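*Asks:* got a sequence here, can you model it:
(chains A, B, C, D, E, F, G, H and I)
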Amino acid sequence: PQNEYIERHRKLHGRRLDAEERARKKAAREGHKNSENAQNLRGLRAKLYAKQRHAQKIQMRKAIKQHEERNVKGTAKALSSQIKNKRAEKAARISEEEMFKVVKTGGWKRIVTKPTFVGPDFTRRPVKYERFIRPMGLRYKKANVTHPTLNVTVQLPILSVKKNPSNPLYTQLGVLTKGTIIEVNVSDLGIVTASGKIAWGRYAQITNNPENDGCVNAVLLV
Amino acid sequence: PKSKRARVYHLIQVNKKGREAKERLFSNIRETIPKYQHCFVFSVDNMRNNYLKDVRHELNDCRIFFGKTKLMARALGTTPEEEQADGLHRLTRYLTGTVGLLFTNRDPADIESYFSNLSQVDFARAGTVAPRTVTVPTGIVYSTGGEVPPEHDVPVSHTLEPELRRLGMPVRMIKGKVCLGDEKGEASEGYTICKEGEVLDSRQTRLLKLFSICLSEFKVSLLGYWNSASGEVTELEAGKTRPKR
Amino acid sequence: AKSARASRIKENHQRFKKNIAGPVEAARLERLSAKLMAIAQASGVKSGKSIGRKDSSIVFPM
Amino acid sequence: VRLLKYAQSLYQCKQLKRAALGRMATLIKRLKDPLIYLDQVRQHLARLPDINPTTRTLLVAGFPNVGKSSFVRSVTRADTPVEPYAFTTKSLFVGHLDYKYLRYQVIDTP
Amino acid sequence: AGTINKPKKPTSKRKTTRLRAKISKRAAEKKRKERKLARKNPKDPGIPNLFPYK
Amino acid sequence: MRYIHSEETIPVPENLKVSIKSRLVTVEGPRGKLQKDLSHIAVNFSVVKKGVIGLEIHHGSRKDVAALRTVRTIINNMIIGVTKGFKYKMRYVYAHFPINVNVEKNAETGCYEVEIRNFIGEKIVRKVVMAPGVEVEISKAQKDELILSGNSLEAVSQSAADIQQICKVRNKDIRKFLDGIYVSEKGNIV
Amino acid sequence: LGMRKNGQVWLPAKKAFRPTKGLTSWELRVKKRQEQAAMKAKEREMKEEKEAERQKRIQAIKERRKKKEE
RNA sequence: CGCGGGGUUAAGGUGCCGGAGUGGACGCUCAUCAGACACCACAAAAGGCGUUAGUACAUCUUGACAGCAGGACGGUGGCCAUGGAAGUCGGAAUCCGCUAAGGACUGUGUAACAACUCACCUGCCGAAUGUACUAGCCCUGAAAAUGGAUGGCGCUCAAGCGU
RNA sequence: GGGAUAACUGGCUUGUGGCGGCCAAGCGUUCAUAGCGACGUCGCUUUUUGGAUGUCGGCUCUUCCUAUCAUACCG
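*Replies:* Numbering: from 1, shown residues only, chains lettered A, B, ... in the order given. Next comes the structure:
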């Protein structure tokens, strides 16, 4: 077998003597097979089959109406690519937990179970907030900001946290709950303000539940 | 309720013609009645109708119509009370089956002579009577099945091999060559597709069509003709022989 | 490995039984029965030809 | 893993696992086309003739229709289409022969 | 499937009073929630064609 | 909708003897006798004209009239079997190992036995017992072809399927290995 | 005789499945044809008149609103 | 709500255990663990070629759907591209004649052809259909680990469901 | 120091992310626009050259489930 030997063998000998007939018969039996599958399967498999069949019906109806209308009748990618290419060209051209452990060595601990934002790498907090530990992984540095106009969504760095309506204590710490307005750098977006002027930092409302879904999503306020 | 055929939608441009097409046919026949003088009525009982296009191209001068017999007959006017011109009711009662109309401006005798001289070979339709015991040799099956001499005959295709096997030939495609029996020959006996006097069925007719064997004669039988001035129809030969209602 | 109760093995065993061990066991039992026979030959009511009575949880007591 | 390690509720773990598996699902969904391309290249690289460049080899070349395929069928036991049209063979074909107890590999080029 | 020869664990139809009570309370809560949403807030078909004397 | 009445008609030719005692349709013809019990369905049989049998349902459902249609077809097939009989021209193909087929009348039970050897070189001999009433012959007109002739369509078709199923390839590429015994022609004796 | 899609040739020419057969007469069916067509037409002018009146009322209301705004 | 005799009822029941109807009328449903009387989540504009009723539209002797016998052409191997691409590997346009109808074409197929087949159209037959939805009953719509539950037996023109 | 909850789940659990837009049958305050609204697609995560884990365990034995590693069977 050097090259496309099955079609060479079909050219030299042909197929089975029964292939066309039984292929037609299977194509005909397909409907009864589908009905039996719909009426007999059970346990996650009927669920997968039902979702697949519902989808397939959706595209089938879409195709039917598309052909009907055509027979009767006789920039977000660009913006994202520009921002990403600018970033690529620009590129081309101790922890609080161990600190608190050392303090303890030298229920008294409360650890915040909600995502937060710090900013500066190392900070020694005033004693009023010293014992509010925040874990390593739960912070998020950048947020997915969706711009209501121009219909573009871009990942932009988080500047700071301004107001968490759930708790002023969460606000002061930097807890990122649902609907929480933070300050976001929008230099990459390049929106032009009055006097033909550009803006760098703007309000964005975190609108998801980051504890439910780690990815942090905000809608920009313009 | 349930348990019904899955209707296969046709993802293709061409659609039903319908009521608009039928009223177009009324309009065409009714408007083409006045200009011409001799409205011939003819029959093509059991012949393939490819060569109607050629006879159209030949008698470019005339105008020919062929649809639903009922549709054309009533467009003419079956009842004499609702009739475009006298005698057209007679033409309608002539119109029964595989029947076409022929508006002409010229000599009926010349029309009759030309249509008598018209004669083409054709592949047989289903239901006819076979005149020959045509068969294929036990050796290699060729393009026409041995009608032309094998030395000047190209072999038939492995693409057509499955169709021949489906339609009944005990043929086998060995070493890329399609053969009834053995590649060298002999071994088997042979396959006679149809016999003398046998009523050809759809299977045998498809066999002759695949092997390019013609055993039918395309000819048009003029039932009659109606003159505009006289307003009467004169039947000739096929007119009286062919049953009509 | 195919199970001892596999259908294919059962069919092969039946074929072996009917085709191989059959005649051998037949001839064996033939000579055995022959030697058995060698060793073995080595009024109606008053005579007992008519079978009579010798010498109830099915029906309810009456 | 860190998010689940710091998870605090059953619904927390619910939505975290759902979100992660969604991320992998979307990643493969974007990977849809490379899988098709790599499947096709796998199929051909499987149905690719295997020659030995080092061993004794004889290549047959020229214009099409000269008779290269006929020569290779004559000299070795390899099936090469001998159909008489311009580019009959679209791929390299390989046969082998013995010559005083020695192996040679013959290659037919298109 | 081989359910015919080897039946599985049966699904009991003998409802427990605790389950019945929970369903009753939750359904009552559903009715109250529907009422609350309704209070919060934010075409005649015609004579049938097949009627003989339309 | 509970249809009040429905009927179907079956014409019989001039040379048969049909009898339905309770529901045992027994048809007698030149080649032999075919008997089938139809006790599993509710039908009323009558002779509606000189040579047409009317099978009817009264106060039945759509499933019942469907049963009427299918039993009509089965009775028609029995008529066709006793008038003309059925023939199945069977073909076998091989690539390098010629298949050997031998048909023998096992006198006890009076039945054909067909043995197949050298099917893709397996030393196993595939022996298939043949349906009662149908006859098998090795065709002499064509090569590597058998003929299965009989009266009962169900019997002859089931036997042909049994042959085509016993000659089945295992764990091999069907695209390359084309050996087997296949149905070629299905028709009437006459 | 033509050919059938399956290899079966012995199958007789079957009639269309028709349990509701011979219940109505065609000519009567045609009178019902005409009556149904006329009823549909009547529905059409009734609906058209009602919709036209409603549209005229809506236009009058809009004109009154414009006059009030002015 | 004292102790007794007799009578009649409520809730609930009248196949047996259980005292009382295998009571009557019209229909629906066959579940590879149906359902069983006063309740819902799984659940969704969810899949069902199960079954019945119904609604709105469309064709119909001017012959409706399905089927069988056929035709399925001409400019033309349409324009760009290229080993070669002719309706059918690729981008765009997608027109006209003949028409009864035939798309610069729905698939099969060729190295390209060829050829088959599709759309559509005529001949044969002859009477309802066929598209989408609403409503009932039924299947699935998710399940682990000792053997058990409409209370049990069991029930299928019910001993299930609606009045 | 006072107050409050004695405590958790029990037809709960699994395989398919979230945010925003487009589309969207239906329903809706009076009508697909007060508005709700599935499947898909688009933008972000996400792209042009290939270690996490604290107390525990360790062994054996019985039984059971399958959401099956192997044996058997086929598409």
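
*Asks:* buried ones in the longest helix along chain D, by neighbour count?
*Replies:* Determined from DSSP state H, the single longest helix within chain D is helix D:10-30. Using 16 or more other CB atoms under 10 Å in any protein chain shown as the test for burial, helix D:10-30 gives D:12, D:15-16. All C-beta atoms are positioned from the backbone trio N, CA, C, and that covers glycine.

*Asks:* so is the strand or helix carrying residue G:48 next to RNA strand I?
*Replies:* Element membership for residue G:48 (DSSP states H and E) is helix G:26-69. No: judged by CB under 7 Å from any atom of the strand, helix G:26-69 and RNA strand I are separated, with a smallest distance of 10.2 Å.

*Asks:* and that helix, how far from the chain's centre?
*Replies:* Relative to the chain's own centre, helix G:26-69 is displaced by 16 Å; criterion: CA atoms, centre = their mean, to the nearest Å.

*Asks:* tell me what whichever helix in chain A runs longest is packed against?
*Replies:* Among the segments of chain A that qualify as a helix by DSSP H, the longest is helix A:45-72. Applying 3 or more CB pairs under 8 Å, 6 or more residues apart in numbering or on different chains; DSSP states H and E, we find helix A:45-72 packed against helix A:19-40.

*Asks:* mind listing what residue F:81 touches?
*Replies:* Contacts for residue F:81 (CB atoms under 8 Å, 6 or more residues apart in numbering or on different chains) come out as F:29, F:34, F:150-153.

*Asks:* what residues does stretch F:164-183 touch?
*Replies:* By CB under 8 Å, 6+ apart, stretch F:164-183 touches A:6, A:9-10, A:13-18, F:88, F:90-95, F:97, F:99, F:101, F:116, F:119-120, F:126, F:128, F:146, F:160, F:163, G:7.

*Asks:* whichever residue of chain G sits closest to chain F and RNA strand H, how far apart?
*Replies:* Scanning chain G for proximity to chain F using CB to the nearest CB identifies residue G:7 as nearest, at 4.3 Å. Counting by CB to the nearest atom of the strand, to the nearest Å, the gap from residue G:7 to RNA strand H is 13 Å.

*Asks:* for the lengthiest helix in chain B, packing partners?
*Replies:* As assigned by DSSP H, the longest helix anywhere in chain B is helix B:19-32. Counting contacts by 3+ CB pairs under 8 Å, 6+ apart, helix B:19-32 packs against strand B:63-65, helix B:69-76.

*Asks:* in JSON lines: these, plus distance to chain E.
*Replies:* Output for those, formatted as JSON lines (distance: least, CB to the nearest CB, whole Å):
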{"stretch": "strand B:63-65", "distance to chain E": "39"}
{"stretch": "helix B:69-76", "distance to chain E": "30"}
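
*Asks:* next, the angle from the longest helix of chain A to helix A:19-40.
*Replies:* Between helix A:45-72 and helix A:19-40, the angle comes out at 120 degrees (axes from the mean of the first three to the mean of the last three CA atoms, to 10 degrees).

*Asks:* helix A:45-72: how far from the chain's middle?
*Replies:* Here helix A:45-72 is found 26 Å from its chain centre; the criterion is CA atoms, centre = their mean.

*Asks:* re earlier: what about the helix holding residue G:48, near chain E?
*Replies:* Yes: Helix G:26-69 is in contact with chain E by CB under 8 Å from any CB of the partner chain, via G:36, G:39-40.

*Asks:* measure the residue most central in space within chain G to residue F:60 for me?
*Replies:* In chain G, the residue lying closest to the centroid (CA atoms, centre = their mean) is residue G:40, at 7.3 Å. Distance from residue G:40 to residue F:60, counting by CB to CB, to the nearest Å: 37 Å.

*Asks:* now residue G:9. Nearest residue, chain neighbours left out?
*Replies:* Once flanking residues are discounted, residue G:9 sits nearest to residue F:187: 6.0 Å by CB to CB, 6 or more residues apart in numbering or on different chains.

*Asks:* in the helix or strand hosting the one you found, what counts as buried?
*Replies:* Assessed by DSSP H and E, residue F:187 sits inside strand F:180-188. For strand F:180-188, burial by neighbour count (16+ other CB under 10 Å) applies to F:180-184, F:186.

*Asks:* likewise stretch B:88-105?
*Replies:* Applying a neighbour-count criterion of 16+ other CB under 10 Å, one finds B:88-92, B:94-96, B:99-104 buried in stretch B:88-105.

*Asks:* just the residues you listed: which are in helices?
*Replies:* Short answer: those in helices (DSSP H) are B:88-92, B:94.

*Asks:* nearest to chain G, of the residues you listed?
*Replies:* Taking CB to the nearest CB as the measure, chain G lies nearest residue B:92 of these, at 22.1 Å.

*Asks:* that closest one against residue B:80, yeah?
*Replies:* No: in this structure residue B:92 lies outside contact range of residue B:80 using CB atoms under 8 Å: 9.3 Å.

*Asks:* just the helices in chain F please.
*Replies:* Going by DSSP H, chain F shows helices at F:62-83, F:153-166.

*Asks:* tabulate those helices in CSV, adding columns for distance to residue B:244.
*Replies:* Below are the helices of chain F laid out as CSV (distance: least, CB to CB, whole Å):
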stretch, distance to residue B:244
helix F:62-83, 36
helix F:153-166, 43
